[PDB]
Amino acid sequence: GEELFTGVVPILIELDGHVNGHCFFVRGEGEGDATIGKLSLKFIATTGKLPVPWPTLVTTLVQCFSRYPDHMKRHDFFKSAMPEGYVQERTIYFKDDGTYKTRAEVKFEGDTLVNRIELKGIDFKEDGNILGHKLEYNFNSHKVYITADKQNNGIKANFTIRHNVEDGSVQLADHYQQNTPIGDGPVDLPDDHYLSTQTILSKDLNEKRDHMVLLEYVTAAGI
């Protein structure tokens, strides 16, 4: 499990989403390097202009690439579930607005790590920050708090994404996460700890499709 993530690993991401009365599909490719905790990915909206802001999809669009330092490696659930993988389910409550529900499967296909997701959004306000496109194309840094879940032989996670808004205000998004192991074996049930995330969103300037070029760095701590 652990030693599948030495060296640069290619990544495929696929997101099928329905929000309110809109649909979209977003595919992404790139590479992951868990020794340094880094992702670089390019995402494309194959269905044309996204009906929701790119930043609202970041957390949905592969935490097995977080850097777990030597003393922390006995708490790395994500890598220990591999190669068979895990299911990642979330409910994301945007304050004073709608909700995303998501179900993803993270696993290896050949040497490529693939994250295939379905997303349903409901009860979004028209001309809220989401459907009204009022969110700045930027990302902040967060702590993803992780606790063992014996009931599922799995982990729970909680955290609040802060999404900067046009008006200087901030749009909060409460994430309530659940992960499990697709196959039978030993997945590591960790002490309460967290992931420290940082992310940069930019845009390939000679790409005329709706897209997102991301840069990320994630490391575990808190023990």
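Start at 1 with the first residue shown and count on from there.
Missing-residue comparison: residue 170 falls in the unmodelled set for none of the other PDB entries checked, so it is not missing from a third of them. Compared with other deposited structures of the same protein, residue 61 does not meet the criterion of being unmodelled in at least one third, since all of those that resolve residues on both sides include it. According to the record, the deposited sequence contains 1 to 3 residues between residue 61 and residue 62 that were left without coordinates.
Just going by the entry, 177-185 versus 159-167 on mean CA temperature factor gives the higher value to 177-185. Legend: mean Cα B-factor per stretch from the PDB entry, 31-39 versus 48-56; the higher mean is in 31-39. In the deposited coordinates, the residue among 141, 152, 129, 102 with the greatest CA B-factor is 152. Taking the deposited Cα B-factors for 82, 92, 135, 117, the highest one is held by 82. Looking at the C-alpha B-factors along this chain, the one for residue 10 belongs to the highest third.
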